[PDB]
Amino acid sequence: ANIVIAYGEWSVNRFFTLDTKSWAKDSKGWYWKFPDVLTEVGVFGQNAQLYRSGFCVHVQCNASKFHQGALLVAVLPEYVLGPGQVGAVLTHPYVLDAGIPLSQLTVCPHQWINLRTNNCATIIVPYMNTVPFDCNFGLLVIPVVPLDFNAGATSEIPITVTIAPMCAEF
Amino acid sequence: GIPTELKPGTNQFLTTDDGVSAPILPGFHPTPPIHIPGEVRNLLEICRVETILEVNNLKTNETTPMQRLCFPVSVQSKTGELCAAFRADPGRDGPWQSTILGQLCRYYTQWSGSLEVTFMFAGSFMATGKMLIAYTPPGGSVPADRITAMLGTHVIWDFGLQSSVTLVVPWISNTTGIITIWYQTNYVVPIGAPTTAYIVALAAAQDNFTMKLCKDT
Amino acid sequence: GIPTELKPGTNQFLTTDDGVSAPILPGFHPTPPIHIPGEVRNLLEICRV
Amino acid sequence: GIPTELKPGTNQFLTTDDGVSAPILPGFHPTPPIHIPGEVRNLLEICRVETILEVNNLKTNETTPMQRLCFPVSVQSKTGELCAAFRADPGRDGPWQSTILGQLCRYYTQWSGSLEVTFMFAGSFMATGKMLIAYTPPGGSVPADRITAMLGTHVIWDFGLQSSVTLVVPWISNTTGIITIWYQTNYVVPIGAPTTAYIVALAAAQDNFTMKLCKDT
Amino acid sequence: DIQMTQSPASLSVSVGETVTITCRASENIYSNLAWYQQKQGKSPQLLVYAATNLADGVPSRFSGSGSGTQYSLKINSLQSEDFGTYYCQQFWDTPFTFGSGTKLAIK
Amino acid sequence: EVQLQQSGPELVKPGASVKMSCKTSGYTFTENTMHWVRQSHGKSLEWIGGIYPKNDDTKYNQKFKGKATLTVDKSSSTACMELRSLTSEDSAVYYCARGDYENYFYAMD
Amino acid sequence: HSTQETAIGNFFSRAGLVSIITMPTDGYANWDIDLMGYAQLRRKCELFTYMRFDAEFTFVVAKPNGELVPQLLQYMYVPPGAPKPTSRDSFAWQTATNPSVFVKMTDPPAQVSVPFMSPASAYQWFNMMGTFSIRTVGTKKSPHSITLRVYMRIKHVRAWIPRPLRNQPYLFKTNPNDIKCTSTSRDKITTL
Amino acid sequence: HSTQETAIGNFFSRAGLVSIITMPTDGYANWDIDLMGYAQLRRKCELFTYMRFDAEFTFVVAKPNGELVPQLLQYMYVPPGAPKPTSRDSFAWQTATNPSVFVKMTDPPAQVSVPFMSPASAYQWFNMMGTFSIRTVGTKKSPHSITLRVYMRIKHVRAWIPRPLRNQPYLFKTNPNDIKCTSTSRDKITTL
């Protein structure tokens, strides 16, 4: 019952799997911009070229019990800075390149990813806009605690993101 | 007509006066609103969500603000040493300036209520050890060693089983408390496991927290 | 009399303000209207032809 | 709109006019009041408590105001002598200026009602004797000797049994009475007992005492 | 901020002629103006204050005038003891900004 | 006869402070006020500030708020001025002048 | 006579002059709120310890000679703890949380009301409601001398703990610091 | 304390100064409507994403020195998309669809209300309500300097999507573009 519903309320149907990011000790963070990053994926590849859909995202990390670290996943409606399946990399993870500090990032719906007790987390968010039929929201995954491990172990910890759209009206 | 005389206070403009003006466009129909998720009725909802404080604040960490989020614990620390100590006043500059609660308390003068502090252990899974979390009542003194901090409000935090606890500050007023983290047992690590762990501190306001007397900064 | 103070917005003229003025001729009776075919209640009727 | 014409008295400020102003802070909630003991609804409650007058007022007692509180009685005084005589007007300067009643009557012009005067005997326990307390009606004359003051309102005060009495002034008006204390029997003292005693005078207003027409001083 | 300058930079007037010097202000003081005589190596002294009245030791040859933002100082005539520079003064608001200064010469 | 005598010039190391005091004579000190004027090179005049020793209250120029400091002594009938954080361009000429009667207007004689 | 005139409410009801402010040819004057300013209304409140009262203020503006000029002035209230303005062009005058009242001299005197400002349940006389600020609008000086007087009433009077009055004259403002007899004298005891 | 003071409505309720307009000895000044004009009231609205609010405006006219002159001025509102006036004698001032408010300087400040102007359901901060126009009536210049200030309130506040506040200072107006720590520092961890 770790399902996190955003803001308390709720061949097209299938599980889309994005690329697996390599997350190392010296890394910073990654972010995806929905729907735009998903428009090139699968059935939506030829579909995008109005849309009303809810989004169910799953963030899973496969790591052994010998590592340590923590991530933070969140959903920020209308995230504007101040992109393909590769996403991008934040050059200033403290301000998230928004000029907005990282400590207050938890105001938005979030779930804590801790390599100790939990290997996976998910966030169910609905469609939120002033106009019902239309860069809706970005997905921010940044480590709070950097990775530390003894020599001889695996230096890269894969992070996968699977998108499962629910209640899609095109 | 009905005779009347103007009382004092006519022909003045008060900034806090709530009147009813004349609409510029009498026949304009605005766009009807629709249900938007994430609605907030009161600023109390923003204060109740948990946010990250900065316990690691130092002159050296200015170049790399990312290390400010968490504070280290290592095998070198012995039994009885003080890991971290910080006062909790939401308004004053310090560890509580980064949280959303401390920022919303800057627009207000008199605030009071109860608080909560949450810790998280990001360390390795096979690591075990105990940590003493003590709170000194307002107006007291800083605990000298571990044995003098046990007499007050305290909680035993063992991350070998429970990964987080909630420390409830009983009362605060502004017209402060002392949160200290003491070492109980040394950090136990096996071979191949990391010898250094980090602990992230979170905090959120409770329901009895009130605020008034708005003042801009 | 009932005491009152003038609030801001006195002694102004707004073009979109709908008031009630004083008729110049109080006792003049205008010609009563009659039914005229081709009456239009709203500009939507002109757009639909 | 409803036509109206301004009547005389517009654009003026009256100090005694009770209006309703606009609150500066529309959304400020003041601290809710709590029950506080010692609440006073009306200034009549302060006038009804007993306070000490000054009957001993003299030019010599200016250096030591402590002796002003009480007046002496001694064995040297014979039968028929006048111990103390004072007029009672609450407003005028005199013995009634020290009491809280006389001070509250300074802020008011027309006051009337009935009064009360209380005496206390601090002398030795084995002492016995009688004292004549007489009151001359307003507009009369000062009693020449003891026998002429008995015809009016009087009370016999014997401290061998009853230590205090209450003398009620029937009526006073300001648009006065004469309270005299006469010696009835000589002061009787045994051996080893003090030969000089002191009597303290107290006074309090009654319920029918009214006041009006506030004037500052 | 209150600011004012004089015109022109420098003048040359011999003995026995009329000197016309003016200092214009951005805002309007309506009242106060002062002129100072400062020679080489000595301190100024008061000459004409409030654009009209003249201080002690000043002869009738120095007369002020002007109203609003336009003021002037009429010197008739010039004497050999008048060599030096002139300044202007403004009491309108604090801080006080003085004049730029004008040098006198003999034709 | 009103006469105000100043002190002599001094040599100050940049970054240090300086003590400037000038005694007053020929009139009554406390009823009137005091002012200071700086003459910058080559030719300019600027009003440093003023002090009226009834309170004591003072007003300064916006740029001298964090530099000039004034104090008075009514026993010896003198006026003092302090300047700190001297720089290379701070070399100038200072004047001691008496103002009006409880007024900063009425240009100083 | 009835009990309505001697009641606690009507004893503090009458208005009084709590301040005198004069602006020479400054530009701004900051005046702290105090009821202890003058002898009257002071001795009256020391009769009681705890007092809970709303404050009503009146702003009356005029010149030294009494004539009125069409000049616009600003009346601002500064809540306790807020910074005081250091000048006319400063930032405190544009602050949104400081209420302002824009009135002219021809505008009849404005009336503002201040609620109960103390964090406790009642005031303790044995008390800061904040301070004011007043300036003439515009970036330039106004060539008119402004002398204003502030009237203060008291609404919804509540009283507790009656105390004995002070017979001795007051020395300082913040402390009730040659003893004087509270009553007159006479040459003998039996004399009237 | 109650929940009425911390409510969303009372947080934006207090008035503020959103503009400063000065007319030298021009004749007309066009000012665009923006809430981002000053630091205050700006940081507050970035706490939220979607906001739906009515606008109340206040027109206060005066001179640089503060004195009032019997001069008639015109206050016109220009809806979004309408052409802006290029001069005083232009055609935009006689346009019937542009509302006007005729007030004098002796006339106390007028108050106008602007409804919700956006075609969407709410504003998006991460917003143009139109522009104003102001001129002195008549075909000739007016020999008086006019300096006016506009006050703006907010009525019927609605909020959605709470966002984290911006700790870094603002750079430009239209974009949230040397990183600064959001909190102070100390020499050690165990020091208080």
# chains A, B, ... in the order shown; residues from 1 in each chain; ligands from 1
$ residues_around --residues "residue 173 in chain G" --least-positions-apart "3" --cutoff "9 Å" --atoms "only C-alpha atoms" --output "JSON, numbers by chain"
{"G": [36, 37, 170, 176]}
$ interface_residues --of "chain B" --to "chain G" --cutoff "9 Å" --atoms "only C-alpha atoms" --output "short mmCIF file (atom, residue, chain, number, x, y, z; two decimals) with C-alpha atoms, in the first residue's frame"
data_model
loop_
_atom_site.label_atom_id
_atom_site.label_comp_id
_atom_site.auth_asym_id
_atom_site.auth_seq_id
_atom_site.Cartn_x
_atom_site.Cartn_y
_atom_site.Cartn_z
CA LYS B 7 -19.32 61.85 9.87
CA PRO B 8 -15.53 62.05 10.32
CA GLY B 9 -13.69 59.67 8.03
CA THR B 10 -15.21 60.80 4.74
CA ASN B 11 -13.09 61.22 1.60
CA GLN B 12 -10.31 58.91 2.82
CA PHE B 13 -8.65 55.78 1.43
CA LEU B 14 -7.74 52.90 3.75
CA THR B 15 -5.53 50.11 2.41
CA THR B 16 -7.17 47.43 4.59
CA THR B 109 5.17 37.91 13.55
CA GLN B 110 3.46 35.80 16.24
CA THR B 175 6.63 36.91 21.86
CA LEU B 213 -0.03 39.48 12.57
CA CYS B 214 1.17 39.55 8.98
CA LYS B 215 4.36 41.55 8.44
CA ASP B 216 6.27 41.74 5.16
CA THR B 217 10.04 41.35 4.89
#
$ residues_around --residues "residue 90 in chain F" --least-positions-apart "2" --cutoff "12 Å" --atoms "only C-alpha atoms" --output "PyMOL selection string"
chain F and resi 12-15+17-18+38-41+64+67-68+83-88+92-94
$ write_last_selection --atoms "C-alpha atoms" --output "PDB file, in the first residue's frame"
ATOM      1  CA  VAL F  12      46.982  60.167   8.453  1.00  0.00           C
ATOM      2  CA  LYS F  13      47.734  56.657   7.236  1.00  0.00           C
ATOM      3  CA  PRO F  14      45.019  55.407   4.830  1.00  0.00           C
ATOM      4  CA  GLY F  15      42.630  53.205   6.789  1.00  0.00           C
ATOM      5  CA  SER F  17      40.947  57.751  11.696  1.00  0.00           C
ATOM      6  CA  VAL F  18      41.431  61.473  12.343  1.00  0.00           C
ATOM      7  CA  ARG F  38      34.369  69.784   2.444  1.00  0.00           C
ATOM      8  CA  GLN F  39      36.201  71.423  -0.472  1.00  0.00           C
ATOM      9  CA  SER F  40      37.279  68.777  -2.987  1.00  0.00           C
ATOM     10  CA  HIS F  41      39.986  69.309  -5.599  1.00  0.00           C
ATOM     11  CA  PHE F  64      28.859  60.340   4.510  1.00  0.00           C
ATOM     12  CA  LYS F  67      32.047  57.751   7.443  1.00  0.00           C
ATOM     13  CA  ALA F  68      31.617  61.112   9.210  1.00  0.00           C
ATOM     14  CA  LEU F  83      36.378  60.738   9.877  1.00  0.00           C
ATOM     15  CA  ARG F  84      37.276  57.067   9.424  1.00  0.00           C
ATOM     16  CA  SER F  85      38.399  54.805   6.566  1.00  0.00           C
ATOM     17  CA  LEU F  86      40.328  57.547   4.782  1.00  0.00           C
ATOM     18  CA  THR F  87      41.191  56.880   1.135  1.00  0.00           C
ATOM     19  CA  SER F  88      43.481  58.506  -1.428  1.00  0.00           C
ATOM     20  CA  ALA F  92      40.417  68.039   1.138  1.00  0.00           C
ATOM     21  CA  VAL F  93      39.790  71.251   3.085  1.00  0.00           C
ATOM     22  CA  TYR F  94      37.334  71.469   5.989  1.00  0.00           C
TER      23      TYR F  94
END
$ select_by_dssp --residues "range 145-205 of chain B" --states "alpha helix (DSSP H)" --output "list in words"
residues 146, 147, 148 and 149 of chain B
$ write_last_selection --atoms "N, CA, C and O atoms" --output "mmCIF file, in the first residue's frame"
data_model
loop_
_atom_site.group_PDB
_atom_site.id
_atom_site.type_symbol
_atom_site.label_atom_id
_atom_site.label_comp_id
_atom_site.auth_asym_id
_atom_site.auth_seq_id
_atom_site.Cartn_x
_atom_site.Cartn_y
_atom_site.Cartn_z
ATOM 1 N N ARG B 146 26.204 12.141 27.597
ATOM 2 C CA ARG B 146 25.037 11.342 27.237
ATOM 3 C C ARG B 146 24.136 11.086 28.439
ATOM 4 O O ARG B 146 22.905 11.111 28.314
ATOM 5 N N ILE B 147 24.725 10.838 29.611
ATOM 6 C CA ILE B 147 23.936 10.424 30.765
ATOM 7 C C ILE B 147 23.033 11.539 31.279
ATOM 8 O O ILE B 147 21.987 11.252 31.873
ATOM 9 N N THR B 148 23.400 12.803 31.070
ATOM 10 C CA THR B 148 22.571 13.905 31.541
ATOM 11 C C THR B 148 21.429 14.237 30.591
ATOM 12 O O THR B 148 20.496 14.940 30.995
ATOM 13 N N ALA B 149 21.474 13.753 29.350
ATOM 14 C CA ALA B 149 20.400 13.993 28.397
ATOM 15 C C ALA B 149 19.327 12.917 28.427
ATOM 16 O O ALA B 149 18.285 13.082 27.781
#
$ interface_residues --of "chain H" --to "chain G" --cutoff "8 Å" --atoms "only C-alpha atoms" --output "list in words"
residues 14, 15, 16, 17, 40, 62, 63, 64, 65, 66, 67, 68, 69 and 147 of chain H
$ closest_atom_pairs --of "chain C" --to "chain B" --cutoff "8 Å" --atoms "only C-alpha atoms" --output "JSON lines"
{"residue": "C:1", "atom": "CA", "partner": "B:4", "partner_atom": "CA", "distance": 4.2}
{"residue": "C:2", "atom": "CA", "partner": "B:4", "partner_atom": "CA", "distance": 5.2}
{"residue": "C:3", "atom": "CA", "partner": "B:5", "partner_atom": "CA", "distance": 5.5}
{"residue": "C:4", "atom": "CA", "partner": "B:6", "partner_atom": "CA", "distance": 5.3}
{"residue": "C:5", "atom": "CA", "partner": "B:10", "partner_atom": "CA", "distance": 4.2}
{"residue": "C:6", "atom": "CA", "partner": "B:10", "partner_atom": "CA", "distance": 4.7}
{"residue": "C:7", "atom": "CA", "partner": "B:11", "partner_atom": "CA", "distance": 6.1}
{"residue": "C:8", "atom": "CA", "partner": "B:13", "partner_atom": "CA", "distance": 6.2}
{"residue": "C:9", "atom": "CA", "partner": "B:21", "partner_atom": "CA", "distance": 7.8}
{"residue": "C:14", "atom": "CA", "partner": "B:24", "partner_atom": "CA", "distance": 7.7}
{"residue": "C:16", "atom": "CA", "partner": "B:24", "partner_atom": "CA", "distance": 5.9}
{"residue": "C:17", "atom": "CA", "partner": "B:22", "partner_atom": "CA", "distance": 7.2}
$ interface_residues --of "chain E" --to "chain G" --cutoff "12 Å" --atoms "only C-alpha atoms" --output "number ranges by chain"
E: 1-2, 26-31, 91-95
$ write_last_selection --atoms "N, CA and C atoms" --output "PDB file, in the first residue's frame"
ATOM      1  N   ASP E   1      17.351  63.706  -6.766  1.00  0.00           N
ATOM      2  CA  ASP E   1      18.075  64.498  -5.781  1.00  0.00           C
ATOM      3  C   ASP E   1      18.202  65.940  -6.264  1.00  0.00           C
ATOM      4  N   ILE E   2      18.288  66.872  -5.315  1.00  0.00           N
ATOM      5  CA  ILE E   2      18.455  68.277  -5.659  1.00  0.00           C
ATOM      6  C   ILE E   2      19.838  68.486  -6.264  1.00  0.00           C
ATOM      7  N   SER E  26      17.480  72.767 -10.674  1.00  0.00           N
ATOM      8  CA  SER E  26      16.541  71.838 -11.291  1.00  0.00           C
ATOM      9  C   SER E  26      15.140  71.965 -10.698  1.00  0.00           C
ATOM     10  N   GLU E  27      15.020  71.874  -9.378  1.00  0.00           N
ATOM     11  CA  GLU E  27      13.759  72.095  -8.686  1.00  0.00           C
ATOM     12  C   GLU E  27      13.637  73.559  -8.280  1.00  0.00           C
ATOM     13  N   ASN E  28      12.518  73.880  -7.636  1.00  0.00           N
ATOM     14  CA  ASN E  28      12.229  75.266  -7.300  1.00  0.00           C
ATOM     15  C   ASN E  28      12.221  75.460  -5.788  1.00  0.00           C
ATOM     16  N   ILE E  29      13.196  76.222  -5.295  1.00  0.00           N
ATOM     17  CA  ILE E  29      13.262  76.566  -3.878  1.00  0.00           C
ATOM     18  C   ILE E  29      12.338  77.712  -3.492  1.00  0.00           C
ATOM     19  N   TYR E  30      12.075  78.667  -4.390  1.00  0.00           N
ATOM     20  CA  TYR E  30      11.140  79.776  -4.202  1.00  0.00           C
ATOM     21  C   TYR E  30      11.672  80.849  -3.259  1.00  0.00           C
ATOM     22  N   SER E  31      12.716  80.543  -2.486  1.00  0.00           N
ATOM     23  CA  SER E  31      13.118  81.471  -1.435  1.00  0.00           C
ATOM     24  C   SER E  31      14.612  81.770  -1.395  1.00  0.00           C
ATOM     25  N   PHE E  91      18.705  75.879   0.285  1.00  0.00           N
ATOM     26  CA  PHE E  91      18.187  75.451   1.584  1.00  0.00           C
ATOM     27  C   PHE E  91      16.971  74.549   1.428  1.00  0.00           C
ATOM     28  N   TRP E  92      16.596  74.239   0.186  1.00  0.00           N
ATOM     29  CA  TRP E  92      15.365  73.509  -0.087  1.00  0.00           C
ATOM     30  C   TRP E  92      15.245  72.181   0.647  1.00  0.00           C
ATOM     31  N   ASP E  93      16.251  71.312   0.581  1.00  0.00           N
ATOM     32  CA  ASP E  93      16.195  70.050   1.305  1.00  0.00           C
ATOM     33  C   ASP E  93      17.608  69.553   1.570  1.00  0.00           C
ATOM     34  N   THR E  94      17.741  68.699   2.581  1.00  0.00           N
ATOM     35  CA  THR E  94      19.020  68.094   2.929  1.00  0.00           C
ATOM     36  C   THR E  94      19.225  66.801   2.137  1.00  0.00           C
ATOM     37  N   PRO E  95      20.473  66.519   1.725  1.00  0.00           N
ATOM     38  CA  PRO E  95      21.685  67.326   1.906  1.00  0.00           C
ATOM     39  C   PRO E  95      21.771  68.514   0.951  1.00  0.00           C
TER      40      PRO E  95
END
$ interface_residues --of "chain F" --to "chain G" --cutoff "12 Å" --atoms "only C-alpha atoms" --output "JSON, numbers by chain"
{"F": [57, 58, 59, 62, 102, 103, 104, 105]}
$ interface_residues --of "chain F" --to "chain E" --cutoff "7 Å" --atoms "only C-alpha atoms" --output "MDAnalysis selection string"
chainID F and resid 44:47 60:61 105 107:109
$ closest_residue --among "B:168, B:142, B:197, B:44" --to "chain A" --atoms "only C-alpha atoms"
B:197
$ residues_around --residues "residue 189 in chain B" --least-positions-apart "5" --cutoff "9 Å" --atoms "only C-alpha atoms" --output "PyMOL selection string"
chain B and resi 75+124+126-128+194-195
$ select_by_dssp --residues "range 4-123 of chain B" --states "strand (DSSP E)" --output "JSON, numbers by chain"
{"B": [13, 14, 22, 23, 51, 52, 70, 71, 72, 73, 74, 82, 83, 84, 85, 86, 87, 88, 108, 109, 110, 111, 112, 113, 114, 115, 116, 117, 118, 119, 120, 121]}
$ interface_residues --of "chain A" --to "chain B" --cutoff "10 Å" --atoms "only C-alpha atoms" --output "MDAnalysis selection string"
chainID A and resid 6:10 28 64:71 92:95 101:109 112:117 125:132 143:153
$ residues_around --residues "range 85-88 of chain A" --least-positions-apart "4" --cutoff "7 Å" --atoms "only C-alpha atoms" --output "PyMOL selection string"
chain A and resi 18-19+30-32+37
